[PDB]
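Listed here are the chains, written in short residue letters.
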Amino acid sequence: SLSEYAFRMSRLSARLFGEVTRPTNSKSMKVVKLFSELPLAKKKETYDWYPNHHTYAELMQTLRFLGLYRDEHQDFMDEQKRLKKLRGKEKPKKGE
Amino acid sequence: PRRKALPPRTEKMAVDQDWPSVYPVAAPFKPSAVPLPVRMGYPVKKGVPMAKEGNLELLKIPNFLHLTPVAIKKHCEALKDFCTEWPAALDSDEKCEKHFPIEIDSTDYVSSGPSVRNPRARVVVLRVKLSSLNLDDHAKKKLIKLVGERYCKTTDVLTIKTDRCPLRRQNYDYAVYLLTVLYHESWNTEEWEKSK
Amino acid sequence: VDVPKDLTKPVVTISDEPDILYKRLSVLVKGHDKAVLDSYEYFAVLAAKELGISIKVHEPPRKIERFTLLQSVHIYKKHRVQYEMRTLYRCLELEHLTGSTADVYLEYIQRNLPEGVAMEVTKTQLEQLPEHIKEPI
Amino acid sequence: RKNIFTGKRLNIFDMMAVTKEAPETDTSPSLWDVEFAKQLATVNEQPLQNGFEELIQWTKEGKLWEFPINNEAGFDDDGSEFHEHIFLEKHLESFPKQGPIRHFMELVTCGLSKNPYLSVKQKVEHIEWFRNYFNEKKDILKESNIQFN
Amino acid sequence: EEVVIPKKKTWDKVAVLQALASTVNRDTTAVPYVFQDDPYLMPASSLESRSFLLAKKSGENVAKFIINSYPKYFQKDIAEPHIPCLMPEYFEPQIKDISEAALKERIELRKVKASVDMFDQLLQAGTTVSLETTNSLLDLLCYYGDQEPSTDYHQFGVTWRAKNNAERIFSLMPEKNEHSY
Amino acid sequence: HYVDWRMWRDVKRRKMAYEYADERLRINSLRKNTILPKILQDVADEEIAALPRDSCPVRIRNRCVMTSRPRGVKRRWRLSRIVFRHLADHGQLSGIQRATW
Amino acid sequence: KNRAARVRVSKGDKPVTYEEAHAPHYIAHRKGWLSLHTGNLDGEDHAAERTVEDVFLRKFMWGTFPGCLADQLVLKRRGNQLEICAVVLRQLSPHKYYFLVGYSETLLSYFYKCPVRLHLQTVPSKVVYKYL
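Its PDB record attributes the structure to cryo-EM, giving the resolution as 3 Å.

Chain F carries the name 28S ribosomal protein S14, mitochondrial in the PDB entry, which gives Homo sapiens as its organism. The record for the entry shows the title "Assembly intermediate of human mitochondrial ribosome small subunit (State B)". In its Subcellular location section, the UniProt record describing chain F reads: "Mitochondrion". A UniProt comment under Sequence similarities is attached to chain F, and it reads "Belongs to the universal ribosomal protein uS14 family."

Chain D appears in the PDB entry as 28S ribosomal protein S31, mitochondrial from Homo sapiens.

This is the structure:
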């Protein structure tokens with residue numbers, strides 16, 4: 001394989017640098033690479049991909065109900081709903 | 001009657017005024033504050049660039065009106081108190097290497113956003129000329145062989161890059177410890193070292 | 001006539017701890033606007049010269065990252081729009097300045113850093129040999 | 001006419017230049033002193049006169065950043081040390097000193113030491129979880145004839 | 001050859017800003033910095049100045065009222081380092097058991113009514129209460145005079161009232177001290 | 001109040017995967033090695049199979065964060081090509097510009 | 001034909017500002033970016049977070065100042081500081097403007113955990129670069 005002097009010297013260097021000091025195939029070095037990196041699900045890009053749409057939507061709805069945010073889209077939708085109610089189209093009762 | 005907008009205060013400004021007082025800190029361009037008749041925007045055919053009033057293009061610019069040369073000079077005159085004189089005994093890099101053989105490199109990153117965290121700032125680099133260390137032939141050879149690619153034979157410089165620890169101080173301490181243990185192990189002799 | 005009669009100086013303290021020695025700081029500022037980088041370089045150069053700091057300036061080659069997207073919405077694969085981001089670099093190399101001077105200069109030039117400009121400062125720190133490295137264990 | 005700071009006084013108090021300066025921080029924070037500090041603050045309170053004072057006030061409240069920028073400012077990694085992060089073999093006390101289990105735990109500890117994101121507490125948690133899992137699987141390990149428990 | 005390493009200089013985090021501010025003066029052609037530097041929004045008279053400042057304070061108070069009324073929309077922290085002054089505040093106690101913990105929580109939140117009711121319940125139950133705790137209760141009651149603190153929302157004469165819970169608790173106080181008086 | 005039920009499902013999947021990330025990592029590390037006995041690897045296999053289906057990180061889909069578009073999403077901005085084109089064309093995105101060379 | 005971010009000439013009567021009058025292929029050439037942050041630079045992170053925050057800020061200031069914003073906002077980020085520069089009409093009373101400034105600044109600062117500031121530049125009417 002390798003000269004024993006070089007092998008022992010490389011082992012000493014690995015021990016000094018904290019690397020694996022015993023022979024190990026790549027299949028078991030997968031454990032080292034798994035524990036060295038963060039899990040994919042734990043990365044901030046993964047678990048915090050979407051913004052908190054609940055927070056944004058509820059905050060804007062609360063501001064609109066408090067009168068400090070004029071949601072023009074919601075005003076248009078409410079006007080359309082009122083016109084539809086006048087026309088006679090309305091949601092049927094649930095579980096009737 | 002409806003409210004009347006006052007004339008801009010640039011009219012009241014004097015030619016020999018102290019401009020840095022007008023803009024002490026960084027602030028967006030304000031037409032009512034800037035007395036310069038600056039114009040921006042691509043002119044229309046047979047036209048002129050749009051005036052400063054309502055000029056969104058001027059508002060977009062990260063202006064340096066708060067950093068005029070007079071303001072820069074005054075700021076540096078104020079800040080000269082905080083500085084400390086560089087040692088004149090090592091005006092050249094040769095004296096720097098003679099007295100300070102170990103150089104530590106650490107990068108600080110500044111970026112916009114509410115979070116100042118940046119992992120890339122945890123890296124520490126330790127560079128030392130092995131000729132500046134107390135080593136003999138055997139110790140130098142053993143240390144070079146142990147460090148491997150971390151040592152460049154051309155420059156005779158050992159470079160240890162530490163980023164294993166989360167923090168800057170932890171990585172710096174790790175680099176110092178690595179250099180110390182490498183030196184001490186290099187001076188150490190082992191049984192397997194004989195069979196070369 | 002309304003000038004202040006007497007101003008108050010900021011509190012400056014001298015610590016017995018030896019100051020950190022910095023051999024070289026590489027303030028690499030990245031931006032989207034060449035004129036903004038030029039103005040910031042002028043600012044930094046003037047400030048360093050007024051503070052008596054040895055400073056050189058150079059321009060690393062710019063980077064241009066380009067990508068391509070479908071122009072239409074449903075199906076027009078043959079037609080695309082190409083977008084690019086330009087990162088222009090300006091490197092200020094300050095040499096032989098102490099720790100306090102480095103701190104004050106960095107604070108002054110970072111507080112005035114223009115929006116849209118990012119900074120990557122690398123501080124080469126001179127150190128002496130550790131106590132345990134002079135002789136073996 | 002003449003100075004008014006010298007002459008006959010009330011002559012009730014003595015020349016006690018030292019006021020009530022004895023340390024009494026062990027007591028609970030009294031509401032009275034806390035509210036009187038608000039009166040003093042209002043005495044010194046004035047609206048901002050320029051941008052620099054706004055920046056100073058923001059920095060004092062902690063809203064603004066503290067230049068020069070320290071990317072690790074406000075963070076201490078639970079006050080750990082580099083030797084705690086790297087040398088995790090000390091936690092490998094219950095695990096056997098040899099065998100496949102020791103080799104696997106050595107790999108895990110080396111990987112954790114290579115990890116710059118997890119805190120020392122999280123690495124200890126991983127090691128303890130592995131310890132408990134191997135302790136629970138003692139029967140299978142003994143059936144496979146590897147030393148444990 | 002011996003190098004003279006200089007001594008490190010140290011200063012507070014706002015020293016540089018103060019030094020820079022020392023070089024600037026008041027802009028004689030500008031209104032106070034609190035107001036927006038715009039001709040339309042520049043206050044004209046003193047009454048306009050006061051009204052504009054009051055309107056700005058009213059807007060800030062309304063925003064803070066929204067923040068405290070709906071704290072769940074502002075609990076997401078993305079500020080590094082953490083900024084405590086930008087987090088929602090809490091004024092209502094959460095401990096429900098009749099014990100010193102709930103009473104202390106109400107006292108530190110200055111909720112005089114609930115603090116008095118909880119103190120009466122504790123005295124009825126006979127459970128332990130520290131002397132310092134009762135002293136703090138008296139301090140709160142005497143300083144406020146049975147006035148509930150004025151949150152964002154749901155002169156002449158003597159402001160004290162002859163009948164009050166402070167006097168009753170002082171009479172029912174088991175042990176008195178110099179700080180109490 | 002997410003854009004669609006698909007975005008809601010993806011949010012649930014992301015939360016569950018983050019919750020079970022460490023257990024999955026430990027069990028998989030037990031599995032992905034040739035050192036431990038094969039019987040222990042088999043019981044680790046059945047353990048990782050016993051975990052809920054929605055906790056697997058592979059089920060996480062990178063949808064556009066403003067229109068829930070599953071495909072054509074740039075990872076850097078987490079936006080679909082149409083929304084990204086709209087924002088860049090209006091100039092609301094810093095730096096991004098039309099490429100001509 | 002390209003329909004993206006363009007104003008089509010019909011009768012030479014529709015007034016358009018400098019921003020609307022320029023097609024996207026002019027962004028690098030005649031109209032700088034309405035937002036300025038380091039997220040989109042090389043090697044910088046959190047571009048998506050900055051984009052989402054910018055979109056929310058635009059949609060929030062548009063509804064907080066109904067019929068008042070003369071043109072699109074200008075968002076600047078310096079460190080953790082955020083500055084919203086808005087060109088606004090003079091229709092509304094200054095009391096309401098100051099109330100809205102205080103309210104928006106405080107709410108945005110508490111929501112994004114950053115020291116938000118809002119600078120308003122008032123114009124008598126929407127500035128017309130040309131007619132289409």
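Here the narrative resumes, following the displayed structure.
Enquirer: It is not clear to me how the overall build of chain D should be interpreted in this structure. Could you clarify?
Expert: A tally of regular secondary structure across chain D gives six helices and zero strands. N-terminal to C-terminal, the α/β element order of chain D is α-α-α-α-α-α. For chain D, whose C-alpha radius of gyration is 32 Å, the value lies well above the compact-globule estimate of 15 Å for 149 residues. Overall, the C-alpha framework of chain D stretches about 105 × 45 × 25 Å when taken along its three principal axes. Every one of the 149 residues in chain D was classed for burial, and the buried ones make up 38%. In chain D, once contacts between residues fewer than 6 apart in sequence are set aside, the share between residues at least 24 apart is 54%. Carbon and sulfur atoms make up 53% of the accessible area of chain D, which totals about 10000 Å².

Enquirer: Please clarify how the sheet that holds strand β4 (residues 81–89) of chain G should be interpreted in this entry.
Expert: Strand pairing in a sheet relies on backbone hydrogen bonds, with the paired strands running either antiparallel or parallel. Residue and element names in this part refer to chain G. If you walk across this open sheet you meet the four strands as β2-β3-β4-β5, and the pairing is mixed. Edge positions in the open sheet fall to β2 (35–36) and β5 (116–123), since each of these has one partner strand only. In the packing of helix α2 (residues 94–112) onto the sheet, the strands contacted are β4 and β5, and the crossing angle to β5 comes to about 150°.

Enquirer: Just to check I follow, could you spell out helix α2 (residues 51–61) of chain D for this structure?
Expert: For an α-helix the count is 3.6 residues per turn, leaving residues at separations of three or four pointing the same way. Among the residues making up α2(D), those that are buried are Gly51(D), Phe52(D), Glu54(D), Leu55(D), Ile56(D), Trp58(D) and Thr59(D). Those residues of α2(D) hidden inside the fold are in contact with α1 (15–21) of chain E together with β4 and β5 of chain G. In this structure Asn50(D) caps α2(D), since a side-chain oxygen of it lies 2.7 Å from the backbone nitrogen of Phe52(D). Among the residues trailing α2(D), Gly62(D) stands out with phi positive, at a value near 85°.

Enquirer: It is not clear to me how the packing of aromatic side chains should be interpreted in this structure. Could you clarify?
Expert: Describing an aromatic ring pair means giving the distance of the ring centres and the angle of the ring planes. Under the defined criterion, the tally for this structure stands at 45 aromatic pairs over all chains. Ring geometry for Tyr177(B) against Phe87(D): centres 5.4 Å apart, planes inclined by 80°, an arrangement best described as edge-to-face. Remark: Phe87(D) occurs in the loop between α3 (82–86) and α4 (100–114) and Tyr177(B) occurs in helix α6 (residues 168–187); the pair is interchain, linking two chains. Its relative accessible area of 29% is what places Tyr177(B) among the partly exposed residues. Here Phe87(D) falls in the partly exposed class, since its relative accessible area comes to 31%. Pairwise contacts between aromatic rings join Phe35(A), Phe95(D), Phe104(D), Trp129(D), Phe130(D), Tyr133(D), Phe134(D) and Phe148(D) into one cluster. The cationic tip of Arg150(B) hangs over the ring face of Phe17(A); the distance from NZ or CZ to the ring centre is 3.8 Å. The aromatic ring of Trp101(F) is capped on one face by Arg66(C), whose charged end is 4.1 Å from the ring centroid.

Enquirer: What should I look at first to understand the pattern of salt bridges in this one?
Expert: As a working rule, side chains carrying opposite charge can pair if their charged atoms are close by. By the definition in use, this model includes 78 salt bridges over all chains. Residue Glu191(B) is joined to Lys194(B) by a salt bridge in which the shortest nitrogen-to-oxygen separation is 3.8 Å. The class of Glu191(B) is exposed, set by a relative accessible area of 67%. Several salt bridges share partner residues, and in doing so they unite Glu115(C), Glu54(D), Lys76(G), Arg78(G), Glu83(G) and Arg117(G) into one network.

Enquirer: Looking at this structure, I do not really get the pairing of β4(G). What am I missing?
Expert: As a general feature of sheets, a regular strand has side chains that alternate between the two faces. All names here are of chain G. Burial analysis of β4 places nine of its nine residues in the buried class, the great majority of the element. Side chains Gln81, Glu83, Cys85, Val87 and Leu89 project from β4 onto one buried face, and the interleaved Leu82, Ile84, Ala86 and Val88 project onto a second face that is buried too. Looking at chain direction, strand β3 (residues 74–78) and β4 are connected through five bridges and run antiparallel. By the bridge assignment, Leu75 is partnered in β4 with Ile84. A loop of two residues connects β3 with β4, the two strands running antiparallel in sequence, and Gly79 in this loop sits at a positive phi of about 65°. Looking at chain direction, β4 and β5 are connected through eight bridges and run parallel. Opposite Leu89, over in β5, you have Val123 as the bridge partner.

Enquirer: Could you clarify how one ought to interpret the interface of chain G and chain E in this entry?
Expert: How big an interface is tends to be reported as the loss of accessible area on association of its parts. At the junction of the two partners, chain G supplies 28 residues and chain E supplies 31 residues. Summed over both sides, the interface between chain G and chain E buries roughly 2500 Å², with carbon and sulfur atoms accounting for 68% of that surface. Where chain G packs against chain E, one counts zero salt bridges. Connecting chain G to chain E are 11 residue pairs in polar contact. Looking at the side of chain G that touches chain E, the element that brings in the most residues is α2(G), giving 15 residues. Classifying every residue of the side of chain G that touches chain E gives 14 nonpolar, nine polar and five charged.

Enquirer: What should I look at first to understand the environment of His90(F) in this one?
Expert: Relative to the assigned elements, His90(F) resides in the loop between α4 (81–89) and β3 (97–98). Taking relative accessible area as the criterion, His90(F) reaches 30% and is therefore assigned partly exposed.

Enquirer: Can you walk me through a positive patch on the surface in this structure?
Expert: Among the surface-exposed residues, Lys27(A), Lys30(A), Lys33(A), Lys32(F) and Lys38(F) lie close enough to one another that they form a single positively charged patch. At three residues, helix α2 (residues 26–36) of chain A tops the list of elements feeding residues into the positive patch. Summarising the element assignment, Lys38(F) is placed in helix α3 (residues 38–50). Take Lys38(F): its relative accessible area is 58%, and that puts it in the exposed class.

Enquirer: Would you explain the side chain of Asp139(E) in this entry?
Expert: Relative to the assigned elements, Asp139(E) resides in helix α5 (residues 131–144). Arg110(E) provides the closest opposite charge to the buried, salt-bridge-free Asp139(E), at an N-O distance of 10 Å.

Enquirer: Would you explain a nonpolar patch on the surface in this entry?
Expert: There is a patch of nonpolar side chains on the surface, built from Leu10(D), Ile12(D) and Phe13(D) and spanning about 450 Å² of accessible area. With respect to the helices, strands and loops of the structure, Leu10(D) is situated in the segment before α1 (31–44).

Enquirer: What is the right way to look at the interface of chain C and chain B in this model?
Expert: Of the residues lining the interface, 47 residues belong to chain C; the matching set on chain B comes to 50 residues. Interface of chain C and chain B: buried area, both sides summed, is about 4300 Å²; carbon and sulfur atoms make up 66% of it. When the area that chain C buries against chain B is broken down by residue, the three leading residues are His96(C), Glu127(C) and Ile133(C), summing to 14%. Where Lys123(C) meets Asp108(B), a salt bridge forms, and the shortest distance between an N and an O atom there is 2.8 Å. Scanning the region where chain C abuts chain B turns up 20 residue pairs in polar contact. If you list the elements that add at least two residues to the side of chain C that touches chain B, you get β2 (21–31), α1 (34–50), β5 (80–98), α2 (99–111) and β6 (118–127) of chain C. For the side of chain C that touches chain B, the residue count by class is 25 nonpolar, 12 polar and 10 charged. Two elements, strand β1 (residues 102–110) of chain B and β6(C), share nine bridges in a ladder whose sense is antiparallel. Looking at β6(C), one finds that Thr107(B) is bridged to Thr122(C).

Enquirer: I keep staring at the arrangement of the chains and nothing clicks. Help me out?
Expert: The pair of protein chains exhibiting the most contacts, out of 18 pairs of chains in contact, is chains B and C. The least C-alpha distance between chain B and chain F, which are not in contact, is 11 Å. With no contact between them, chain E and chain F keep their nearest C-alpha atoms 14 Å apart.

Enquirer: What is the right way to read the pairing of β2(C) from this model?
Expert: All names here are of chain C. Where burial is concerned, most of β2 is hidden: eight out of the 11 residues are buried. Of the strand pairs in this sheet, β2 and β5 are connected by 10 bridges, and their pairing is antiparallel. Across the sheet, the residue bridging to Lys30 is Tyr89, located in β5. The pairing of β2 with β6 spans nine bridges and is antiparallel. Counterpart to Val27 in the pairing with β6 is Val121.

Parameters at a glance
Residues numbered from 1 in each chain as written, not as in the entry; some residues may be left out. Chains lettered and ligands numbered in written order. Part of a larger assembly, values for the part shown. Heavy atoms only, no water. UniProt positions renumbered as here; feature names shortened; annotations may be inferred. Helix = DSSP H or I, 4+ residues; strand = E, 2+ residues; numbered from the N terminus. Rg over C-alpha atoms; globule rule 2.2 N^0.38 Å. Buried < 20%, exposed > 50% of the residue type's maximum accessible area, 1.4 Å probe, protein only. Contact = heavy atoms within 4.5 Å. Areas by Shrake-Rupley, 256 points an atom, 1.4 Å probe, with all protein chains shown as cover. Pairing = 2+ DSSP bridges. Axes fitted to C-alpha atoms, helices over the stretch in contact; angles between N-to-C directions. Polar contact = N/O pair within 3.5 Å; in protein donor to acceptor, adjacent residues only side chain to side chain. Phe/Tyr/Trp six-rings, centres within 6.5 Å; stacked < 30°, edge-to-face > 60°. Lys NZ or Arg CZ within 6 Å of the ring centre and 35° of its normal. Salt bridge = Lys/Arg side-chain N within 4 Å of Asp/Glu carboxyl O. Buried area = accessible area lost by both parts, 1.4 Å probe. Nonpolar A, V, L, I, M, F, W, Y, C, P; charged D, E, K, R; others polar. Patch = residues over 30% accessible without salt bridge, like charges linked within 9 Å, V, L, I, M, F, W, Y side chains within 5 Å. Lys, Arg positive; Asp, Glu negative; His and termini not counted. Charge placed at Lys NZ, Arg CZ, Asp CG, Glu CD.

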